[PDB]
């Protein structure tokens, strides 16, 4: 009679379909998903330092719009800008806005140091009804609106050395009045250029008088500029009017900081990977949640699913 000995392998009743080189549909006993396709919808507040902009853009927090006073000197790994944010100070523009936003985002700090600029001969601390801070007329906290003193505005030729061991970021501006009357009322003379220089750079800007469409009832504008001053270099400001002066400098650092546009709520939770849709787990190598990411994140791909076989071909009875 003897015996029979049969060699074999397992199978399961609930196999899964995967793709291979030679077949787009083959059933295996088990597989695992390699594409992360979901988020819970919250940005976790750990382990990255999150700064919720709330009503403030980064640039509004920089300049010091009165709704952004709570942001002074704060740092972040990720600044989160909300779509509801709006400006409520003097109407301004920033030539190159995207670059200023980027360099401050990447620096990751709003650390500000006041400096004693010698503004002899002008009135400091100009305010406006378009920039209300506690019911009082006000202005950007980090900027100094200079006007005539007793119907005189003498030529400014003001210096500030950098004898620190780090670079300084100066933010400043030019006021474009709505009319010739306004020009005279504020600066007591016809407009002329502003020149801001260092040993390695020079920027000159021309005030352009004229009405722009009113924004919060203001037809004038301020244009914002910036200058970086290296150690042992010197800032020089040369103006005969229309100068929105710096009050000091921002520190500029390098590191891992950035900025993201998102309306996702911040949660009390821990996740290494942030997207605008919320944090996502990072066990998988790929994800199809968002091309925009921050932190230790899976790589964005177009596929919504990629199944890796983790068992043999399934050959059911």
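Numbering follows the first chain given and starts at 1.
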Margin query: Per the record, averaged over C-alpha atoms, which has the higher B-factor: 215-223 or 106-114?
Written below: 215-223
Checklist line | 278-286 or 251-259, whichever carries the higher mean Cα B-factor | finding: 251-259
Notebook entry, point to check: Among 75, 101, 168, 133, where is the Cα temperature factor highest, going by the PDB entry?
Noted result: 133
Checklist line | Residue with maximal Cα B-factor (values as given in the PDB entry) among 80, 85, 94, 156 | finding: 156
Next item on the list: Check where residue 67 lands among this chain's C-alpha B-factors and tell me if it's the lowest, middle or highest third.
Entry: highest
